[PDB]
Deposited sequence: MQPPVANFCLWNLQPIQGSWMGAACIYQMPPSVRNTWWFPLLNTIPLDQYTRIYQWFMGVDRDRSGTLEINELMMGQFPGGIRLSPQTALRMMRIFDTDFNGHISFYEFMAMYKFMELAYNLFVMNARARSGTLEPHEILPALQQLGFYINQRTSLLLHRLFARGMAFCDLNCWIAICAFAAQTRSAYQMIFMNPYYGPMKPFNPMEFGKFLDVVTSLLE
């Protein structure tokens, strides 16, 4: 719009630059960084309060044991496997710690996943049946096929897939996205191509098949 009363924020607004330049390069370079600009300041304090509840030794950081022990929004809990996936996604420094800014990303990611869970649990509230996994993952940007969606339900769930199992699936898909980023940063594979969600979906189908 060119309407004065309805002006939308632009990506990379000058007002955010101060904050952005102070952030660690690892954080700024990562595929999930744009999650950070979706969070209003007024939710900052809520997320920070949550962070404090998970940070059991008050280190100002989250370690894998804290993720395994933590309660997250919507009653989400993480198995040891899933806590490790969250570390591999969000500890972009590879130091074994999740910083507050890294947790903010993880929190938003979990809230996106939770929203799609509730939206796609239509046959039975609080569970995803196998046929609901495909659309929920597509909505999140993971363009997989039916074969793959049924394989993920089988690997990560039982009849139905509860919220925790859904978050496990989403963490696997996101860790594969990080792995993809790492692989294609290797200069052996030529100049880095822009991300193509359809091509990445095919990559995710293939890597999923390696899990069985």
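Student: So, counting the deposited sequence from position 1, which segments are absent from the coordinates?
Tutor: Unobserved in coordinates, per deposited numbering: 1 to 6, 164 to 165.
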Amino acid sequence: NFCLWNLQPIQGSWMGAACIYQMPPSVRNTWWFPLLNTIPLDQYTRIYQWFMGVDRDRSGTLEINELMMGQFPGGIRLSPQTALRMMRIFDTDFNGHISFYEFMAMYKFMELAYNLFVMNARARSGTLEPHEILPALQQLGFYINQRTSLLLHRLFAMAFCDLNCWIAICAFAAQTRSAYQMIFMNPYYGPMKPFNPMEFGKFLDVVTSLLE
From here on, numbers count along this sequence of modelled residues.
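Student: On mean C-alpha B-factor from the PDB entry, just flag whether 94 to 102 or 80 to 88 is the higher one.
Tutor: Per the deposited B-factors, the answer is 94 to 102.
Student: With respect to the recorded C-alpha B factors, which stretch has the higher mean value, 164 to 172 or 44 to 52?
Tutor: 44 to 52 has the higher mean C-alpha B-factor.
Student: Return the residue from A159, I64, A179, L35 that has the highest Cα B-factor in the entry.
Tutor: If I rank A159, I64, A179, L35 by C-alpha B-factor, first place goes to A159.
Student: Can you tell me whether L204 has a C-alpha B-factor in the lowest, middle or highest third compared with the other modelled residues of the same chain?
Tutor: Lowest third, going by the recorded CA B-factors of the chain.
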